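Observations on the three-dimensional arrangement
One letter stands for each residue in the lines below.
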Amino acid sequence: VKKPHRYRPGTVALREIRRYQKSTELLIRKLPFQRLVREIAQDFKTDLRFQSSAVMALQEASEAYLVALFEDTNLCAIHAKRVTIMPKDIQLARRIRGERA
Amino acid sequence: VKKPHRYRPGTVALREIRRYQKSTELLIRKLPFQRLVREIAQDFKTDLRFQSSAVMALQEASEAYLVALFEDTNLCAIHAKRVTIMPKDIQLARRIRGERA
Amino acid sequence: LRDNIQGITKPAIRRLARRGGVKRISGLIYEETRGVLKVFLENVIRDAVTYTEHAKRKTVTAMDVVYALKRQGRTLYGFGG
Amino acid sequence: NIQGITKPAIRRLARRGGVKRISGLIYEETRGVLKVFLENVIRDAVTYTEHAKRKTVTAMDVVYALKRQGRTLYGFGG
Amino acid sequence: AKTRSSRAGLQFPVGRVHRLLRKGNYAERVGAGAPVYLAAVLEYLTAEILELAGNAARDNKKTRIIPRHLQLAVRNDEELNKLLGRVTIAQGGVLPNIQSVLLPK
Amino acid sequence: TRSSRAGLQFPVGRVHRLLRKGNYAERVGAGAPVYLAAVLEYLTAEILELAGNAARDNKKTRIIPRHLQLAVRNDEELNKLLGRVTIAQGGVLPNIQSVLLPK
Amino acid sequence: XXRXX
Amino acid sequence: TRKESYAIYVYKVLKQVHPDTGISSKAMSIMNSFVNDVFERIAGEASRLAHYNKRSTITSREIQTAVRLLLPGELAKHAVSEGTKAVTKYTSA
Amino acid sequence: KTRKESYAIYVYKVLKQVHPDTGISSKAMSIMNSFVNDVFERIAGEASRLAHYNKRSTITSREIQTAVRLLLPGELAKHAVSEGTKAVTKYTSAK
């Protein structure tokens, strides 16, 4: 007899888009990314140490690359008359960029 | 009564794709491209001379670039569930490549 | 260290997509993004560790990462260099 | 002169690129793209020839210009 | 005036630029005017970026330029964004833009 | 010579001269030219092995640019190395997308 | 695949 | 020890452009990295130009051509004008 | 008549090593020479950058090895490193 205030799907998504394009703080949590970086590095040399600045630089580079990739992915998804990005969109973006063979 | 052997549309297109992916000769006529190169250059410097090898190198680079662009354009068109390449396909390919802003 | 790629949670990828201007995200996108991120990190950390080994150091410095990114064509400002 | 890049020539380039069906407007767009690419490459080549104080654009100037843009070309004394 | 920058009327170090050109393995010899020219170009580009960064900082009612303002300055300028097309600015963020089709009707 | 002293076909002397005159560093070590010449010879040997294979597949005894392009692009690692390189008179690999083929 | 020498 | 940087010079340029505007440490580092990057680009292109022409010296002409190649249109024009004016002032003094 | 240098003879020797009964065309030889020059420049430039980063004034075989490991992909880098080390050891053996 009242109904809660549910925003129509796609509204909070746009609000989040605005919020996260307005800000600059890193979006990936720091500890999980550091653990991932160390695990990946473990396959090239054992008993490696990382300067905190090194992990931060890796995180910034990775986040910037992923954001640019998602921009290209959204462009491809819109090109297909879609609104949802799908793995095929990421694959096409990477293929055109020249990253994926 | 009589009837021509018209190939179903899209068959000679495949034959031409096979023929032109199997060869290596340049697909743009030499003289028109040379005239185009000279006209573009005359904007930057007047009374310019071109080594024949210089124009040939320009043609090779241009044709290779256009062929790669058309490959990406074809991929973009197929991504859109189409078979025809259309200018929006070229625009998306260039935008993802980073060529066009 | 095991199964840390899943540390890049679904909401983190959602935030990254939102910063990229994405409104609707397919469910399969998260695993694909994790794979792409793993490939990128592997390509970068390989060169970073190569630089570290050449310097005969056991510590990967931020300047090694910066050199690796610059080598790959992703120059990064704000960490020296 | 840019129209010297004929419709059949762009068709051949598209075919070598694996394109089966080509829209009508693709030809003008391709002419524009080729014009932009040639403008960049020839501008760099002419810069190189001017710096060398030459009135002739040599294949080496073109090769260096392409190498600048990340389009290294082999087969012309690179 | 003693400093070479003062002779060239620059704020950037002509002497330091000359030393780097020499200890950079760029060529056997380095002309006398090359450091001056390079210092002038670097000064011009730095001023060009800082003008737009300061404008962006003012738009945010901020006295100090932070990496976000540098990112806005670079990306909102066509030529500068083309110069730094393949550059990541830490803490830069992205230019706010949303594709038209994603907006409500 | 120094190539014979290292068992190489490529010129260690010429490579040393090019390293010194190329303005790469103040001094060039003694083993640097040998190492670099060995790497260059190895890469040319790999490219030529694949190109001669392609020429044989084409029933030709002389390698032309087309064979070099085929060898480079078919091989994953060489193609990755020469990713941003265009080989004059190389053409492209025959490749047609599946959806474009007739049903 | 893997190379010979 | 001494870690050299462009902090002071960039600060002088800033105060000459926006006298009432400061710069944060992170922005300072980014600007210093940018100056180093552009220095490397221009110097490398000038080195390549000298090598191509069988020339052993990097003159102001090489730097000018490297700037014309590296920078886009309007930026290249203005940078060339600034460089030539600075070189002329230096030669006069 | 100017004396222009090239890698033609060494490329031909390597070819006769790998494919004894196979020639090469002038255009293909030019492409191979360009490829050798390009790889030389890439490796030498990366080695120079490595030496500069480490505040070292000499390009040693170690710098070349690390440059090769950076530039070439996995298996190609492995085999190139193997050949380089083999050549260096064989060289230092003889005098």
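Definitions and cut-offs
Residues carry numbers counted from 1 along their chain as the sequence is written. These may differ from the entry numbering, and residues without coordinates are not shown. By the order in which they are written, chains take letters starting at A while ligands take numbers starting at 1. Taken together, the chains in view make up part of a larger assembly, and the values describe this part alone. Each side-chain value is worked out from all heavy atoms of the structure, with water and hydrogens disregarded. Residues with missing side-chain atoms are left out of burial classes, side-chain pairs and their counts. To qualify as a helix, a DSSP run of H or I must reach at least 4 residues; to qualify as a strand, a run of E must reach at least 2; elements of each kind are numbered from the N terminus. Computation of the radius of gyration draws on C-alpha atoms, with the globule rule given as 2.2 Å multiplied by the number of residues to the power 0.38. Partly exposed residues are those whose accessible area sits between 20% and 50% of the maximum for their type, while under 20% is buried and over 50% is exposed, using a 1.4 Å probe and protein chains only. Methods summary: accessible areas were calculated by the Shrake-Rupley approach with a probe of 1.4 Å, and residue burial reflects only the protein chains presented. The charge count includes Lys and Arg as positive and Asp and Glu as negative, but it does not include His or the ends of the chains. Charged groups are reduced to one reference atom each: NZ for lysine, CZ for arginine, CG for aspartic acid, CD for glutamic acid. Side-chain atoms within 4.5 Å link the members of a nonpolar core, which is a set of buried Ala, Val, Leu, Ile, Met, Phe, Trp, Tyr and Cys residues. The contact criterion used is simple: two residues touch if any of their non-hydrogen atoms lie within 4.5 Å. Within this document, salt bridges are pairs made up of a side-chain nitrogen of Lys or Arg and a carboxyl oxygen of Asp or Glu, the two lying within 4 Å of each other. Reported buried area values correspond to the accessible surface (1.4 Å probe) lost by two parts on association, with both partners' losses combined. N or O atoms closer than or at 3.5 Å make up a polar contact, with two conditions inside protein: a donor-capable atom paired with an acceptor-capable one, and, for residues adjacent in sequence, both atoms drawn from side chains. Helix axes are fitted to C-alpha atoms over the stretch in contact, other axes to C-alpha atoms as well, and angles between N-to-C directions run from 0 to 180 degrees. Throughout, a crossing is termed right-handed when the near helix is turned clockwise from the far one, and left-handed when it is turned anticlockwise from it by less than a right angle. In the scheme used here, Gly and all other residues not listed as nonpolar or charged are polar, with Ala, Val, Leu, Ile, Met, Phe, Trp, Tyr, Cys and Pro taken as nonpolar and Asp, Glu, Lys and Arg as charged. Two aromatic rings from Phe, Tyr or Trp, using only the six-membered ring of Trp, form a pair when their centres are within 6.5 Å; if the ring planes differ by under 30 degrees the pair is stacked, by over 60 it is edge-to-face, and anything between is tilted.

Its PDB record attributes the structure to cryo-EM, giving the resolution as 2.8 Å.

When helices and strands are tallied, chain F shows five helices and three strands. Listed N to C, the secondary structure of chain F is α-α-β-α-β-α-α-β in terms of helices and strands. Its C-alpha radius of gyration of 19 Å places chain F more than 25% over the 13 Å reference for a compact globule of 103 residues. Dimensions along the principal axes, computed over C-alpha positions, put chain F at roughly 65 × 30 × 20 Å. By the burial criterion, 59% of the 103 residues in chain F qualify as buried. Surface accessibility of chain F: about 4,700 Å² in total, with carbon and sulfur atoms responsible for 47%. Positive and negative charge centroids in chain F, built from 16 and 8 side chains respectively, lie 9 Å apart.

Another aspect to go through is the nonpolar core. Counting 71 residues, the largest nonpolar core has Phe-12 and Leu-45 of chain E together with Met-31, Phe-34, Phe-39 and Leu-71 of chain H as the members making the most contacts within it. With sequence-adjacent residues up to four places away left out, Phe-34 of chain H is seen in contact with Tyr-77 of chain C together with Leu-45, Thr-46, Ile-49, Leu-83 and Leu-84 of chain E. Formed by 69 residues, the second largest nonpolar core is a distinct cluster that contains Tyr-74 of chain D, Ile-47 of chain F together with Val-39 and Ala-44 of chain I.

Moving on: the pattern of salt bridges. Applying the stated criterion across every chain yields a total of 38 salt bridges over all chains. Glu-39 of chain B is the partner of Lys-35 of chain D in a salt bridge, and the nearest nitrogen-oxygen pair spans 3.7 Å. Placement of the pair is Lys-35 of chain D in helix α2 (residues 26-51) and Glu-39 of chain B in helix α2 (residues 30-44), with the two residues belonging to separate chains. According to the relative accessible area criterion, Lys-35 of chain D is partly exposed, its value standing at 26%.

Moving on to the environment of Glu-53 of chain C. In this structure, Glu-53 of chain C sits in helix α2 (residues 29-54). In this structure the C-alpha to C-alpha distance between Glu-53 of chain C and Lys-10 of chain C, which are 43 residues apart in sequence, comes to 35 Å. Leaving out residues up to four positions away in the same chain, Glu-53 of chain C has contacts with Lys-45 of chain A together with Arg-62 and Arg-69 of chain I.

Take the interface of chain H and chain E next. The partner chain E presents 55 residues to the 56 residues of chain H that form the contact. Each partner contributes to the roughly 5,000 Å² buried at the junction of chain H and chain E, and carbon and sulfur atoms together form 71% of this total. For chain H, the biggest contributors to the area lost against chain E are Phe-39, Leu-75 and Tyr-90 of chain H; these three give 14% of the whole. Linking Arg-19 of chain E and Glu-4 of chain H is a salt bridge whose minimum nitrogen-to-oxygen distance equals 2.4 Å. Sorting the residues of the side of chain H that touches chain E by element identifies α1 (7-17), β1 (22-23), α2 (25-52), β2 (57-58), α3 (60-70) and α4 (73-92) of chain H as the ones contributing at least two each. In terms of residues, the side of chain H that touches chain E owes the most to one element, α2 of chain H, which gives 15 residues.

For the rest of this paragraph, the subject is unusual backbone geometry. Positioned with a positive phi, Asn-23 of chain F is a non-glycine residue whose angle comes to about 60°. Phi at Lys-55 of chain I takes a positive value of approximately 55°, unusual for a residue other than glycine. Tracing the backbone shows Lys-55 of chain I in the loop between α2 (26-53) and β2 (58-59).

Moving on, we come to the side chain of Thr-58 of chain D. All names here are of chain D. Along the chain, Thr-58 turns up in the loop between β2 (56-57) and α3 (59-68). The exposure class assigned to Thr-58 is buried, which follows from its relative accessible area of 16%. For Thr-58, the side chain forms a polar contact with the side chain of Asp-61, separated by 2.2 Å.

The subject of this paragraph is the packing of helix α3 (residues 33-59) of chain E against helix α4 (residues 67-76) of chain E. Residues and elements named next belong to chain E. Taken N-terminus to C-terminus, the directions of α3 and α4 make an angle of 115°; their axes are 8 Å apart at the nearest point. Of the two elements, α3 crosses α4, and the hand of that crossing is right-handed. Contacts from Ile-49, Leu-52, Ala-53, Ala-56 and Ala-57 in α3 reach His-69, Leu-70, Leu-72, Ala-73 and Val-74 in α4. The residue inventory of the contact of α3 with α4, partitioned by class, reads nine nonpolar, one polar and no charged.

One thing to see here is that chain B and chain C don't touch, and their nearest C-alpha atoms sit 13 Å from each other. With no contact between them, chain B and chain H keep their nearest C-alpha atoms 13 Å apart.

Here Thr-21 of chain H shows up in the loop between α1 and β1. Judged by relative accessible area, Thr-21 of chain H falls into the buried class, the value being 6%. Within the local environment of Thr-21 of chain H, its side chain forms a polar contact with the side chain of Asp-20 of chain H, the two groups lying 3.2 Å apart. Not counting residues up to four positions away in its chain, the partners in contact with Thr-21 of chain H are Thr-63 and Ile-65 of chain E together with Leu-14 and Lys-15 of chain H.

Let us now look at helix α1 (residues 7-16) of chain D. Each full turn of the α-helix corresponds to 3.6 residues, which orients residues three or four apart in the same direction. The buried count for α1 of chain D comes to seven of 10 residues, which makes it a mostly enclosed element. Restricting attention to buried positions, one finds in α1 of chain D the residues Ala-9, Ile-10, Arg-12, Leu-13, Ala-14, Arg-15 and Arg-16 of chain D. In the core, the buried residues of α1 of chain D are packed alongside α1 (11-22) and α3 (52-79) of chain B together with β1 (21-22) and α2 of chain D. Two residues or fewer after α1 of chain D comes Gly-18 of chain D, characterised by a positive phi angle close to 90°.

We now examine the packing of aromatic side chains. Within the structure shown, the criterion is met by 16 aromatic pairs over all chains. With 3.5 Å between their ring centres and 10° between their planes, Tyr-67 of chain C and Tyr-53 of chain I make a pair best called stacked. Residue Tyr-67 of chain C is found in helix α3 (residues 62-72), and its partner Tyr-53 of chain I is found in helix α2; the two belong to separate chains. Each member of the pair, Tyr-67 of chain C as well as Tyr-53 of chain I, carries the same accessibility label: buried. Both rings, one in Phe-10 of chain F and one in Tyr-10 of chain I, keep their centres 6.0 Å apart while their planes meet at 50°; by these two values the pair is tilted.

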